[PDB]
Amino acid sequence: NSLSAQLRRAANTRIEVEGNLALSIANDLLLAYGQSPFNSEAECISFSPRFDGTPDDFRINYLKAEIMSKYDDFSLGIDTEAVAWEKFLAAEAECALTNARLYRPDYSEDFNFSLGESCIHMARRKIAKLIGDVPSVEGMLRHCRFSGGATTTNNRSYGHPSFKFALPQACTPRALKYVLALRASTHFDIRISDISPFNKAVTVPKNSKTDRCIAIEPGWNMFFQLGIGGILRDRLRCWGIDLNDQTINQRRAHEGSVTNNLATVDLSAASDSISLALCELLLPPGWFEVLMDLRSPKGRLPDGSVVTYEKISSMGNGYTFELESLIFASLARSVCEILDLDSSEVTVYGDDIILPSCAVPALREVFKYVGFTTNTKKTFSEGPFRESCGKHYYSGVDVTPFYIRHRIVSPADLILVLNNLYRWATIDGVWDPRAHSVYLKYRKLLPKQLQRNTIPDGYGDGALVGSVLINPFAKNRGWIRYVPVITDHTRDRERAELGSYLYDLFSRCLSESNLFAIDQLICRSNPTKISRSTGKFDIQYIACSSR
């Protein structure tokens, strides 16, 4: 009764002190490592490191350049999402230049046409060899699904596929013929709200200096796009590309850290960079037709302004990830093939690429020809530092930092930060005596019961990571050991009955095709339950194990 209620109390106790607690933690941590503190909110984002010297210095300097970069509560500057819109408009104008360039070459500027076109043909032949002339309707269907967040019809709350089946969704005047076929394939009512070429473009937070431009597609469009993207992802395995597993690229980045034979390349504007023309070349008209059908040709901005897309698809599209992966893979494999290098050396996850360094100068010439810009302060073909898929390595050791992206208010946020610091500053559960004092100091900002409550690592951020055997709140019921954690408090919402039912029947329809592996055949998938979060916090007991 009182035991869980004390934690329920302490979770909802608002912890607040003068100044920026994130900046205080950052500065004290920097101080512990003997580095210059941020003396302004500008120095947080403006700091740039140098690649050299002992890895222990570089780790903390890179950390310094990183940790406070994504903090959103900065009173610094008038900085807006408008910069992201400038980057968007610019990226589109440039994609138009590269579109008209790919379509009709003007033979004297730059770009090495000889290499470029040969790469185009080779990549086209390889691609055609992979996916085939026409996408299978069967595969598309079996991968066709409703999921994710807002559509041009439903908002973030109604983004659940149940509400997608309940409420009519929009469609592209091309892709309409699909949603009719579907309608003819079921005795259920398949409705469309309106038929519009436009998709709703907005900006999701990315960094303090800039946001990220995200596209919101119509419902049915997403429904089929996820199908073709699904079969694309299924097809990319033959090229040795697993999009469900991002750890391979990280391991290979670690390889490129030491040997320095393997170079990594990152692409920011890649999502907005991919040309229509580049796709009409690299892809067979069979795939290109369904791609053009399912995609949103036009778009709308909160400014009310409309834009016709030079790009095929940006972020927030079903197949865009799989598509850009496939394309980058084709071009890079072609590059490595021209240079008589192993084609299995190149691995691509989204826009994150790893291929042998000797292939870079030819690759960067190819990419600049096809409309992909090469960012030198992102990609590393030479220096001891390499990064791919969320991991950063320097000379063999992982320098990967952490970020405080939000003003801390509740103790849960402080626990998140403390746990990130734990994971960064520890090796197999042993504290670096430098950061340990900062940890211990800011751990006194937590209520006593929120201090002494500990959980293992990987169990979530609902408590402080440490030795759980010494945890006083650990209760042994049966022979299983349970421990309480902070949990976001939720109150249930009413769900669409026919929507959830339809979602269920459709999830069952195509599910015909999909000692330890066999006993997992007993378990099933969870039913539809809708909840909305509250600003408050709750406490929940979970089962745990030391190892």
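We number the residues from 1 along the sequence you see.
A.B. asks: Deposited residues absent from the coordinates between residue 514 and residue 515, none, 1 to 3, 4 to 9, or 10 or more?
C.D. replies: The entry leaves 10 or more residues without coordinates here.
A.B. asks: Which is higher in the entry, the mean Cα B factor of 42-50 or that of 58-66?
C.D. replies: Going by the record's values, the stretch with the higher mean is 42-50.
A.B. asks: 230-238 versus 378-386: which one carries the higher mean Cα B factor per the record?
C.D. replies: So the stretch with the higher mean C-alpha B-factor is 378-386.
A.B. asks: For the listed 350, 148, 318, 462, which has the peak Cα B-factor recorded in the PDB entry?
C.D. replies: Among 350, 148, 318, 462, the PDB entry lists the largest C-alpha B-factor for 148.
A.B. asks: Between 214, 248, 359, 323, where does the Cα B-factor run highest in the record?
C.D. replies: Of the options given, 359 has the highest CA B-factor in the PDB entry.
A.B. asks: Using the B-factor values recorded in the entry, state whether the Cα atom of residue 498 falls in the lowest, middle or highest third among the modelled residues of its chain.
C.D. replies: Tercile = lowest for this residue's CA B-factor.
A.B. asks: What third of its chain, lowest, middle or highest, does the C-alpha temperature factor of residue 35 fall into?
C.D. replies: Ranked within chain, residue 35 CA B lands in the middle tercile.
A.B. asks: Ranking the modelled residues of this chain by C-alpha B-factor as given in the entry, is residue 448 in the lowest, middle or highest third?
C.D. replies: Middle third, going by the recorded CA B-factors of the chain.
A.B. asks: Using the B-factor values recorded in the entry, state whether the Cα atom of residue 189 falls in the lowest, middle or highest third among the modelled residues of its chain.
C.D. replies: CA B-factor rank for residue 189: lowest third.
A.B. asks: What third of its chain, lowest, middle or highest, does the C-alpha temperature factor of residue 167 fall into?
C.D. replies: Lowest third.
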